Each structure stands twice: as C-alpha cells, then as structure tokens.
Amino acid sequence: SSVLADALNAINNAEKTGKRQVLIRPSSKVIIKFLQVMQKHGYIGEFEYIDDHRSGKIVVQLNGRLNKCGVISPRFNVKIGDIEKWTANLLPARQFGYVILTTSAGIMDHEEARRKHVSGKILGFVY
Amino acid sequence: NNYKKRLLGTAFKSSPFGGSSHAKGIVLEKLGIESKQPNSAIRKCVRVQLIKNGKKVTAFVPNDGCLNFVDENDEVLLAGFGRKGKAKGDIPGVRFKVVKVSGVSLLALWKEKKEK
Amino acid sequence: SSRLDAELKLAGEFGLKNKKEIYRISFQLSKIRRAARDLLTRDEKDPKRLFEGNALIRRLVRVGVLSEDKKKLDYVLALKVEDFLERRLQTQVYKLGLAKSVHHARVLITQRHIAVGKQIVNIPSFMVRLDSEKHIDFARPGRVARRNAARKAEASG
RNA sequence: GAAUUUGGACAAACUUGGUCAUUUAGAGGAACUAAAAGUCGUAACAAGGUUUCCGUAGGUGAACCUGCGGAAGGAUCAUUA
RNA sequence: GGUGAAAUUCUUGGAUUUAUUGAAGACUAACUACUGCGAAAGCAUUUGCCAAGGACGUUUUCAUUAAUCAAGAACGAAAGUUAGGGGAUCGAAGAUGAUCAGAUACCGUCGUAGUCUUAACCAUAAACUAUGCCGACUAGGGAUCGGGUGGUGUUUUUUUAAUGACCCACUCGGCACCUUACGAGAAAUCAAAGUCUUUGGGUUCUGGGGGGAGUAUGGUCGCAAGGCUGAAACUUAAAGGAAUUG
RNA sequence: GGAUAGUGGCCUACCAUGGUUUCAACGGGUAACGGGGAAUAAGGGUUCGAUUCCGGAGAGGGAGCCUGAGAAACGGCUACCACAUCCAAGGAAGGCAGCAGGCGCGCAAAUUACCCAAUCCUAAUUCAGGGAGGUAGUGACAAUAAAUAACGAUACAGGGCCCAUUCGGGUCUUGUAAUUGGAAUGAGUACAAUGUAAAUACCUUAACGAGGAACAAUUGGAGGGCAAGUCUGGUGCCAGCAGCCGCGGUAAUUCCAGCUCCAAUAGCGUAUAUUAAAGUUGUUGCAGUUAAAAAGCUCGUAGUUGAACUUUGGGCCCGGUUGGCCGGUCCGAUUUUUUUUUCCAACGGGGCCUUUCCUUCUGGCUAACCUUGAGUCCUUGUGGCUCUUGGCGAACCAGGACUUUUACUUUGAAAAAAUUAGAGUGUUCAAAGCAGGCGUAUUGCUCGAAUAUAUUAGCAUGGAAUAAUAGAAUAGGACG
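Deposited coordinates in this entry are attributed by the record to X-ray crystallography, at a stated resolution of 4.0 Å.

As named in the PDB entry, chain B is 40S ribosomal protein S23, taken from Saccharomyces cerevisiae. In the PDB, the structure is listed with the title "Yeast 80S ribosome". Comment text from UniProt for chain B, heading Subcellular location, reads "Cytoplasm". As stated in UniProt under Sequence similarities, the record for chain B gives "Belongs to the universal ribosomal protein uS12 family."

Chain A carries the name 40S ribosomal protein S22-A in the PDB entry, which gives Saccharomyces cerevisiae as its organism. Chain A has a UniProt comment under Subcellular location that states "Cytoplasm". One UniProt comment on chain A, placed under Sequence similarities, says "Belongs to the universal ribosomal protein uS8 family."

*Asks:* Mind showing me how you'd approach the overall build of chain B here?
*Replies:* When helices and strands are tallied, chain B shows zero helices and three strands. Secondary structure elements of chain B occur, N-terminal to C-terminal, as β-β-β. Counting contacts in chain B only where the partners sit at least 6 residues apart, residues at least 24 apart contribute 46% of the total.

*Asks:* Even after reading the chapter, I still don't get the overall build of chain A, so can you show me in this structure?
*Replies:* Along the backbone of chain A there are three helices and zero strands. Going from N to C terminus, chain A has its helices and strands arranged as α-α-α. Taken along the three principal axes of its C-alpha coordinates, chain A extends 40 × 30 × 25 Å. Here the analysis covers contacts within chain A between residues at least 6 apart in sequence; of these, 44% occur between residues at least 24 apart.

*Asks:* So what exactly am I meant to see when it comes to the domain arrangement of chain A here?
*Replies:* Residues and elements named next belong to chain A. Domain boundaries assigned for chain A yield domain 1 (1–66) and domain 2 (67–127). Its C-alpha centre places domain 1 at a distance of 19 Å from the equivalent point of domain 2. The interface is formed by five residues belonging to domain 1 together with five residues belonging to domain 2.

*Asks:* Got a minute to help me understand the sheet that holds strand β2 (residues 45–50) of chain B in this structure?
*Replies:* Strand pairing in a sheet takes place through backbone hydrogen bonds and is either antiparallel or parallel in direction. All names here are of chain B. Sheet architecture is open: three strands sit in the order β1-β2-β3, paired in antiparallel fashion. Of all the strands in the sheet, just β1 (26–29) and β3 (54–60) have a single pairing partner and so form its edges. For this sheet the average axis-to-axis angle between neighbouring strands, irrespective of direction, equals 35 degrees. Relative to β2, β1 runs antiparallel, the two sharing two bridges. Looking at the pairing, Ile 26 lines up with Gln 49 of β2.

*Asks:* I keep staring at the arrangement of the chains and nothing clicks. Help me out?
*Replies:* The two partners chain A and chain B share no contact, and the minimum distance between any of their C-alpha atoms is 14 Å. In this structure chain B stays clear of chain C, and the shortest span between their C-alpha atoms is 27 Å.

*Asks:* I'm lost on unusual backbone geometry in this one. Help?
*Replies:* Here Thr 41 of chain C and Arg 42 of chain C are connected by a cis peptide whose omega angle stands at -5 degrees. For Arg 42 of chain C, the position within the fold is in the loop between α2 (23–39) and α3 (48–57). Of note, the bond from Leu 60 of chain C into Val 61 of chain C is cis; its omega dihedral lies within 30 degrees of zero at 0 degrees. Tracing the sequence through the fold places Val 61 of chain C in the loop between α3 and α4 (75–78). For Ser 73 of chain A, which is not a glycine, the phi torsion comes out positive at approximately 40 degrees. Inspection of the secondary structure assignment puts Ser 73 of chain A in the loop between α2 (29–41) and α3 (81–84). A positive phi angle is found at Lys 70 of chain C, which is not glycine, with a value near 65 degrees.

*Asks:* Is there a simple way to think about the pairing of β2 of chain B in this case?
*Replies:* One face of the sheet, then the other: side chains in a regular strand alternate in exactly this way. Residue and element names in this part refer to chain B. Relative to β3, β2 runs antiparallel, the two sharing six bridges. Each bridged residue has a counterpart across the sheet, and for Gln 49 the counterpart in β3 is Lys 56. Between the antiparallel neighbours β2 and β3 lie three residues.

*Asks:* Even after reading the chapter, I still don't get the environment of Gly 56 of chain A, so can you show me in this structure?
*Replies:* If you trace the backbone, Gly 56 of chain A turns up in the loop between α2 and α3. Leaving out residues up to four positions away in the same chain, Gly 56 of chain A has contacts with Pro 26, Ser 27, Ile 50 and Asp 51 of chain A.

The rules behind each value
- Residues numbered from 1 in each chain as written, not as in the entry; some residues may be left out.
- Chains lettered and ligands numbered in written order.
- Part of a larger assembly, values for the part shown.
- Heavy atoms only, no water.
- Residues with missing side-chain atoms left out of burial classes, pairs and counts.
- UniProt positions renumbered as here; feature names shortened; annotations may be inferred.
- Helix = DSSP H or I, 4+ residues; strand = E, 2+ residues; numbered from the N terminus.
- Contact = heavy atoms within 4.5 Å.
- Domains from an automatic or database assignment.
- Pairing = 2+ DSSP bridges.
- Axes fitted to C-alpha atoms, helices over the stretch in contact; angles between N-to-C directions.

Here it is in structure tokens:
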C-alpha cells in the first residue's frame, strides 16, 4: 500500500533500534535506487541478495550512523525557488543535508541533480 | 482540497455597528447602575438613544466626579471599551461607555479642566 | 528585565553617541535591512552576489563601515549599531577637536557654525566620508570654532 | 415635415395580484441570563446516607421516585485469584 | 404472613405445612471459565431440516478484481407506539400498610400497563473496549480453539501389535487474554495511545473557552413518543482533565 | 430567411429534444466595481482594493432617440416615474457622481480664491480656449528632518582618589538659592532671487533688531503582567481606580491630590477594526482513552488513493568552468626539506559502440569521417592542416506519404508604467529626484536613466525518473 516509507521506514525503523539491517518491501527499481543513492553517499551498507515472486533482488545490511530515518515524503515539486526551500526539510544547511529528489532526469540527490540544473519530484531526503 | 471552519464570523450587524470611535446620541435617562459581586458601589451610568440607529444604549459616564453632563437633554458620544463582546466590568451589563459632550469633553475642561 | 536592561542599553548609546530620542531606532532599523537583505547573501557567486558584493561592501564609507575585510558584514549588526553610530558628525566631529564635547558641538552644528568644507551642514546627523575638510568655514565670524582650535592636534580615531 | 395618421418593434410608466431578499411593530405567553443569595425541601459528592450515571416510559411542590434493559465513570460487602 | 421491629392482610373457607394428579405461560439453572461465535445489537435444553462464516491445509483456480468512503441503504438491546393471541412471573400508573417534622419514595402488599407472541412501526443506549478502517515495521514468557512431526502416555481394535480415541512433548497458523525494558504521555497509563526535531504510508469522521443548548427557526422522517438535520442574541474568565496532600 | 458594420438563436419562421449539474448546476448572500498594488510575512500565510495608473459602468430613476467618422451621451434632446423653480393663472423652465459653495447625513473629511507660467490637450497656417492642470488658502491628515541649550569658569564645597606621623598635592564626579563673558543663537523684518514677468511675499541668503525663569513641552504611567525611591496629606466596600489579576471595611504600594520619579516626546493617549504573535482553523502544522471532540453496526456511489516486471551494464570519442602559479594544460610549464627519486584534481555537456530507426520516402548544403590524389611543421610522426579522387547522417530547408493521448520538470519568448527588490549619483543628510559630471565659460565637452521578480493559463522548448493512458487473444495483429 506504498513501497516507499514502507521500507525506508524499516531502515529508519531499524537503525533506531540499532542493528545489522533486515529484509524489506519487494525490490522496486525505486526502492533499490534509493537504497543506492544512500550507499553511494554513505550511510547504509550493502544492498542485498534476494529473488522471489517480486520479493526479488535484495535484503540489505545496515552499518554506520544513518541517523535517523530515511525520509519518505508524499508530495512532489521542484527547482529554483523550490528545491532550495524544501531543503528546509534538511537537518541543517552547513553540509549534512541530502534531499534525494526525483529529477525529471534521474532519481537523484539534493545535489546529485542540483547537478546539471535539474528538478521535478521530491522522492525523499537522507540523514 | 476542502474545508472551511468556525471562530470569528462574517454577518456583523450589532448595535454601534460603525465600530465607531463613539456614536452621537441624546441623553435619555441618568441611571446610576450598581456594582457587581466582590466589589460594591453606586456605578453612576447614563442611558441614551443613538441619533444614528436611534437604538437606545446605556453606558458608564465613566469619569470620577463627572455626572457633569447628566443633561437629560444633552448629547454625549458614547463609545465601547472593547471587552469586546462583553462589559468590563465591576459595572454590570453596560456595553459601550460615555464619550464626549455636549460635543466637547476632557471630559472635563474648557475652560480649565476640573478633574475626574 | 531584558526589556528593562535594554531600555538601559539604549540610554547608554544615548551619548555613547549623542542623540536624544530613538534615532537609535533609525540606525537600528538600518542595521536590520543592511544585514537582512545582506544576510540574504545567500547563496553563491551569482554575478549577483557579485554586484551586491563590492556593492554593499562599498558601504565603505569613510568614518563609516568597517576597515578592510568582509564579505560577512553582519559583523556590522554587531558594529553598525555600535559603529555606524559614530561616523556622522553626530559623532565624528567631536572626535576632531573643534567640538569641546558632544553637546558643545551639535549646538554649533546647528547654530549656523560647524561646516563641512564649504556649505554648513545643520543636518546635525549627516555622515562623514573623506573627512579632512570638516572645518568651520564660518564665512564677526564663527567664534566658538575659529580660535578654540585646540583641534590643532586632534589626532584621534 | 409641419399638420395628420394605418399598422408595427422597441418600451418607459399606470394599475391590480404574485414571488423573492432585507428590516421591523404587538396585548400577552414562555425561556434564559446577570445570581453571589431570600424561601422550601436534600438530589449530587463520603455505598452522600435508596451506590451512581445511560437511555426510555410513566408518576411529582421543587429538587425526584419508580419500571425494563444497559455502563462503572463502583458498590470492593469479595462463589475466582 | 412480614421486616429493623411491625403493620396491611390471609385465616375453624381447611389456609401456612405435606399428600397424589394436571393446568398455564415465562424461563433455560447448576457445569459457566482464563471463553467459543457473530458486521454490530446480541447469541447457552433436546433432535432434526434450511443457508450461511472465519482459521486452518495446498500452491487449486483467477489476475488488479483492491483500500477507505459525503450520498444511499440492510440489521440494531430496553422502553415505547398498531392489531390480534395469553395473561405463569414480576411489575411504571394506581392504590393502600409502616416509616418520617414533612414521604406524593425508599421498606410491605395488592395491582394496571407492560413483561411473552405474531404480522407492522420506532432507529435511541455508559449501542464501550468510552480508543475508526487498511499495511507495514518495533520485544520477551505462559497459558485455553485447526495443521504439521516425534510420538511417547493409558486404553480402543481384542487372542494380541499396530491403529484407533482421547493424551504428552516441539512447532507453526490464525483467536480471546494475561506479565515485564527502549519508546509515548499532562498525568494516570499505553503493545500502542509506538516511529516521525515540529511531515510522511492511504483514507472515512468529529473538536476550536463555558454557558446560554443540542434550546429558536426551517425542511424532512414518524401514527405517536420522538429521530435527523440545526443557529444567533446575550452572557461570563473561568468549567474542565491528571495527579499531590488536608 | 430577416436584420445588422459585421459573426451567431442576434430575431423571425419551419423541424428536432436538446444543453448544465455533487468536479457543486440553479438559486440565495455581498457594509462586491476588477486588476494595478496595501498592510503584518522566518517560511508557509492571513487579511485588505472606489485616491493616481490601466479596463469597465453612470451622471435622479428608466426607455427611446436625433447628431456623426465616433455616441444610447449628461454639462443634447423626447416621454414616462421622481423630485422641484418663475409666474400678469395664461404658461416657462431644470439634473453639482465636474470646481467652489450649502443642506442633510453621520464616527467621520477645506475656499464661493489666482492663473495660463509649466504639462498638455482641443479648433484653423493664431496663440484662442480649458475650475483638464498648476499656484496659492485651509489642514502635526500619513511621511523626512530635526532647536527648546553650549562652554569652561570663580569660589562654597559633601568629599573619593595613592596614604604618608604629613591637619591635604586637587588629577576630579556633582548640588551649586552665589557669579562670568560668548555683540553667539533660531521664530519677527529694508534687498534680491538664476525662479512660475501673479508663487511677491514661499522655503534660500543676506542686513535690521532678539533666553535671570522666559525665546516654552507633552502625553500617559508609578501594585504585579510592565518599569518607575515612590513617599506625604484627604478618603473609608461612600466617592472612584481597574483591558485582564484585582484595588478600596481610618494607619490605601492601585481612588483623590502634592512631591518625587518612570516611559515615549512634537507627540502621547482612548476608541475600533484587523495582521502578527496563533502550532488558538494547522498543506508545511494542530489536536480527538478522561480534558472539545469516532458515527450504534456493516454495506457501498461519487471522491482520494493503489504490489512489484520490460534498458540495463560494460567500452570509445570531443568538451570549458571551478583548480594546485601566467597558460589550449594528463611524465609538468608553478604552491615543496635538499650537499635525486617530484601527487592531478571534480563538474557538468554533446556525440557512438555493442542483437538497440532518431518518424519520414522523393533527395536537397554545409562541416564534420571512410580516408590519399599532391604536400607536409617541427620537440622523438598521429603535438598542427593546407589540401580534392572515390565517399558519413539528420543538422534539414519543402512538397507529399504517417504519426496514441497527458502530468511533470528545464531554459525561452511576449505583454506596464508608478508599486516593490536594487545598481548610479553628496536633494545639506534624509523622504525623495533621474538628476548629473568636467572645465577650457561668447553656440564647449561628458556618463546616465540599469538589472531583478514576469508566480495560474497560453505559446515555445530540452528531459525521459516517478504516475496515467493505449496496443497482437476466435489474431479483423504486424511489415514489403
């Protein structure tokens, strides 16, 4: 009934207990894709190794701070006056931040599509 | 989208209406009210009809020695003491409150100023 | 209280410069927008940050501004209030000898005397910039400033 | 054209009745509120001196009482623990 | 008889106490709990007929069909209405008997309605778990319902085994519940009332100081009682939760 | 078909039942002109709109018209309804929602002035006209400034400062009932304004005069929230205070009044809205077991939402902008300890390879490549390109044959000025203004008047993540 906060709210829902991560939704190009941008900037460990009905692709070890909770979010705007603003979601300007936006092109990160002046949807936000 | 709710409402139509800095009006009767519980005194007020709406209201000649007006004829200006939809008030149910008049008040003054 | 001890502060400024009101308020609000708009750097080097840069930085100023740095002028929010105060003749014209002591100053600033190198300047809260010319002018003549030139060694700050 | 005038289409306005929306008068009637208390009785609180409240239905000088069937927001007088 | 103690009454009418028998309508004791089943209200005698329901067991069959819903609707305790059947018990109204300063009550005792019933209304309740529905995730143990195995435990099936029946032990499923950390809260408490600085998974709903009030008016529903919808004037600064002490 | 300047139910006729609606029709309300923009915004938002500028609509209500290029007209008629004026009683007139001015109305808004000078407009080759407009009067009406004092002084000091047996060297704070000079210093008044030949008596100068308490302060507050030596006399739950909390019942920290003092000050109340505070109306961002708040119970339409799957992952080629010093630059051209060995970042973009059509056949160009007909430069020839023989795809024009439909997101164009953000410049500073600045002063030079925001819808674009849509099932698939 909503694969996003579904699983990011299990990582989130986990590291607060503290541990070595667990299973999740089913896979999703998108799940796996956030469960990438995450690793690729740090935070999480190694996306994992399942394969079933749609249960396929991965589990995913924890590691590190990653505190706290991946951000799930449930709207979608972007660019210029935007992105910067919804960068108020962030846990503080001075670096730290990361807002896993959805960018017309690419499921990208607050900066990772700040990149080639991109924009669009607001998929989430990490640490 | 959706959803409008309560609190402060549009429909208005009260008793001074003009949210006036007063309301001129002739001095029908001189009814010195009487204090409410806890406190206790003869709360000298005045009843008068508002030239405008004609509507009659009674309010404290609030001063301190000035039933100087007390001119059954003469015409104060009254004017509420925002409670708002209420009275102060040691002074039981008086809505607005005496103003200036015969049109010109400190309320005590010209010449000197007496007091109150 | 802080409201109170503040209402102390202001009166302190009240001749930490020389005023008599809430021109302290004037300079204050100034410090706001200065900062404010400023503090709204934010941002990058947007060619905007650029014009705005050497721009507001061209606050300098003489008798006015800082000294030599920034960038971050919110320092002013510290200063400005406590600095922009000086500068103007309201301040920097007692700290120049002629004026016997603030008061004994504004009065001539007004009272015709005290003039910024040609033309008086009654506006007893102008602003100074390239000051060395802030003499008496006078045009029998401006007495209080013309002989009491003990400023003949007014090497101050 | 003036007069003058046939028919038209516009169409004021007159009358009479309708329909809305906005105000408003009244013998009297019946609430409320300022109400702290005056007077009758004790309903609630202490199983309040008949445990209390929920409907619903009767009956009452006022509070209420009672009847069915709920709930403890309880009686802890305790066949169980 | 009948209570605190009485009384009102019943009674040489055969009561009160037993003796055979039958009569009538309610009602389902005891077992009954740590609870089973139901959308919910609510559901305990026997047998049978009627159609349903979850959980389990497989991957059977489909493949997107779904999730919550203003409207609209089906069921909805008890009283209460309509009409008939009866009519045991108790029992509004109503009487009287005590009791009180005062008793229209609370304690007797008669007794109307009603209580049951069938066809039809009524649609309210402390209609409760005062806690919306769907899916996640977050932590331990015990105990009572279907499925797996070892089966051991005692008997079926009997000349015996085994099996069988209950039955024991390890599991899982889903049930109703209990007992204790992080985390939540104003508290109390909470396996959520948990997660998120102070979004965040989707939705239905209701609240915005007390009163004035669930009243005024309007429209609709109904036979009625009533239900449903539902104000404003004015009037007050406290009313209200939890806790702690007298 | 009739009218229109002209579409069309605009109006006629004839014929057919249609068109809207819970995604809110229709109807009701507006103390409703719209939009510029206004106010208080951390943000998100509330709230405001008839002063200017655009667009609209009307000159008492309401129709109908002549005039004309243009009007349903205001400063033109016509009739009705409505007010209402002069009458020789016959009849004749009118529309201040244009300036002034009056009444009325109310809480609430000025003069019967002067003028064409400016800005412009209207009439014909001038310089006519203009309560359009501009000057004045009124007006702390919202705004910028900003004096109501400045000196040191003489001595009295009450003494505080380094203590020394030094009874005080006096650097010094201040009350000064005492006393100096500053021919200072603004408001009144001969001159004159490059000035609108009226502002002319106006800001600007200037000269004539001008502070022994007057040349001068106010509004409120002194219980707490609030912060004020706060005390002294009067009052007694009377009078009165008091936004709420509360004061007052002879000794009042809240009334009254003096003293003093606090706060802001040419300005302070008081009323009244609003905006903030208010995360008390909540998308950000509320609450709901008892505190306000789950509907008795399920059904289920509209609405709002809805599992995951289909292109990746590897390899090659040109790029400048931030960078470690000037720089077209990877074994170094600089920021290093030396009596050699000496690290390249990361950012983003286009193209093309891989079982991978971009819509396109006819075929229309370039400048790019396959690459060589003639040649080459020099640092070790793939560090550079003159060169035309065969010969790249999509740039790319345009007829002619076909395309599955959207959200979103990226620059972009175009349409307003003032409004606001904000560059520029000493308007004396400021508020503003869009001026200005050099000199070399008998017809001289010189810069400006920026950028920004353009938010919904439209248009145009680049993108193919997230989310819809459709397609080959009895094959009525799909090409050439």
